[PDB]
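The structure appears below as structure tokens.
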Amino acid sequence: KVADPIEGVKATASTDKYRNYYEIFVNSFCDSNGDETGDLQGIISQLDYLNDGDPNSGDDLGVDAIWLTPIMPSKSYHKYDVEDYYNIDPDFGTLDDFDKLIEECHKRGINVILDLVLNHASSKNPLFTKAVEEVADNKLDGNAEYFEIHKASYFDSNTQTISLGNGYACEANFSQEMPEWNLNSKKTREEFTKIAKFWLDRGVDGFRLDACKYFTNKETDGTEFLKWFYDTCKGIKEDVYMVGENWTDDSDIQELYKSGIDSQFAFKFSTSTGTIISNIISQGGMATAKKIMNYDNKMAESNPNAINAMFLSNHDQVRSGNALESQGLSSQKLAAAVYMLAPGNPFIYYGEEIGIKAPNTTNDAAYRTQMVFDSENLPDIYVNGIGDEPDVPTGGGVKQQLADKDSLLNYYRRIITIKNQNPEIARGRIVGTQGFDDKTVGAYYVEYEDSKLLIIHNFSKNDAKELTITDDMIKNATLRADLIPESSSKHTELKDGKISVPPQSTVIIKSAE
Ligand SMILES: [Ca+2]
Ligand SMILES: [Ca+2]
Ligand SMILES: [Ca+2]
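For the sequence shown, the deposited numbering assigns the number 12 to the initial residue and increments by one for each residue that follows.
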């Protein structure tokens, strides 16, 4: 039997901005009080699954940052329509519950960012209802100055608006319940400063910025607004971290990075139509390595400190398992390795690590089904328009997958441990690809502080590849890690400069020390 190369390699917990993030759709995660709605104490009850605080022992997932979807008061189950920016929705808990969450996450080395919704407010937010009332009395110099309120003629036939009195209306791209803020208003920028300070004063590590695409409009430069907001928050907390949801083309993502924001989600590489899943299906390894290098480096031109944010799917998209599980469990495992071993901060969507699927593609709520911690004791959370009992994931719930050495979950755990053993992976830049005369093999060099690693993926579903590593590639090369999905007891070795890379497997080569 070939020895596991990561045995007796010490792992280290992150203490900086580089993290394996976990996105929690709060209503669907964990109910702690029987009302069929997930809540903050439910999250607290599962923190030892997410990270037990020891990267060298235990059976936790090992994620070291959480992004909570909106948690502030709102009449909806998703809460992107924010009615109060200074409290917790009562169904999720109180500010005391929130403070205990921060405390217990930080004890385990888990950072926390909040979903911050700056493009729009709820139509029932009192700041807005006051504006509606003033505008109906033809008063425009009061609360109307917070919002994107103009005469109706100002708006284009295709821009959704909320009709107000005296011939006015408010921009509202997403919904009649989501009137948009005027991001150039001095009053609005003072208010956003107060909101940010309120949450940063509670130990929040940063924000996920909703709907960044809609920051830009006819009179607003989204990059100027975001630079203003990011710089303001950095004055409050120098090491603040933000990731922007900028659901747009590569050129506009590159442009918004001039704001200085740490990260934007890499939509190009996500979903069944995106680069990673498409190329796993096509066995296009070389193409993938090229695209990851070129994208990460291009974004770093606009922000040299860019932290890319790769992901397979999020709460707005069909679950990645709906495309990958039918291709085989080893394809799901390879997909995890590919997106999580790219530079930056990958985002795991809750339940992805146990293969939750979406029951349909016609209701957003199908992307937000109930988390399954134990398939023998299913949860009871009501999911809008779907129901209150989940399907059993193909591999079982968390408990079952931890016990199966060949599970999807344990492959995610091993990827995280490998990253905790090799800080260059997340923190470096790709300085080149490595060809192995084979379109099926994708390989690249990631380098951080003059330490260079060679990451090699074999995208073949059925064929192993015998590769030769030379001193010109990696001097005094050794096998640093392997990820071999067909069996958790199968490992490889670098012997006489040759290494066999099994199907859909990943190896990491490093110089001897
Ligand atoms: Ca509850
Ligand atoms: Ca552990
Ligand atoms: Ca806007």
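Quick reminder that beta carbons are idealized off the backbone N, C-alpha and C, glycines included.
- Secondary structure at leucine 127: strand, using DSSP grouped into helix, strand and coil.
- In the DSSP assignment, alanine 488 forms a beta bridge with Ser522.
- Straight across, the Cα-Cα distance linking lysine 301 with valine 74 is about 27 Å.
- Annotated as distal: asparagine 308 and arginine 30, with beta-carbon spacing of 8 Å or more.
- Those residues that bring their Cβ nearer than 5 Å to a heavy atom of ligand 2 are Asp63, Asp65, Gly69 and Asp71.
- For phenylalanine 218, the three-state secondary structure derived from DSSP is strand.
- Boundaries for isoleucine 82: no beta strand (DSSP E) harbours it, and the DSSP string shows neither H nor E there.
- For the segment 200-268, the continuous alpha helix (DSSP H) assignments of 4+ residues that do not extend past its boundaries occur at 233-247 and 261-267, in sequence order.
- CA-CA distance, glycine 45 to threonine 80, rounds to 21 Å.
- The beta carbons of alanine 346 and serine 331 sit closer together than 8 Å.
- Pairing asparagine 154 with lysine 141 gives a Cβ-Cβ distance under 8 Å.
- Under the three-state reduction of DSSP output, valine 409 falls in the helix class.
- Partner residues in the beta bridge of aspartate 493, as assigned by DSSP, are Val518.
- Residue state for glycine 443 is assigned as strand, using DSSP reduced to three classes.
- Counting only runs that start and end inside the segment 336-407, the beta strand (DSSP E) elements of at least 3 residues fall at 358-360.
- The C-alpha of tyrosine 393 is placed about 43 Å away from the C-alpha of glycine 453.
- For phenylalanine 209, the number of other beta carbons within 10 angstroms of its own is below 16, and it is reported as exposed.
- By the Cβ neighbour-count rule, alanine 207 is buried, with 16 or more other Cβ atoms within 10 Å of its own.
- Of the other Cβ atoms in all chains shown, 16 or more fall within 10 Å of the Cβ of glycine 439; this residue is therefore buried.
- Counting only beta-carbon distances shorter than 5 Å to the non-hydrogen atoms of ligand 3, the qualifying residues in chain order are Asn130, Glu191 and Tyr225.
- Between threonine 489 and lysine 521, the beta carbon gap of about 6 Å places them in contact (Cβ cut-off 8 Å).
- Look at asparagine 44: its beta carbon is less than 7 Å from one of the heavy atoms in ligand 1.
- Between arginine 219 and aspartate 100, the C-beta spacing is not below 8 Å.
- CA-to-CA, the gap between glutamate 230 and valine 251 works out to about 28 Å.
- Your pair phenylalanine 470 and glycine 296 checks out as a contact, with CB atoms roughly 4 Å apart and the cut at 8 Å.
- Fully contained in the segment 131-178 are the following alpha helix (DSSP H) runs of length 4 or more, in chain order: 137-147.
- Counting along the chain, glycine 453 sits inside the beta strand (DSSP E) bounded by residues 452-459.
- Residue environment: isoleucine 247 is assigned as exposed (fewer than 16 neighbouring CB atoms within 10 Å of its CB, all protein chains considered).
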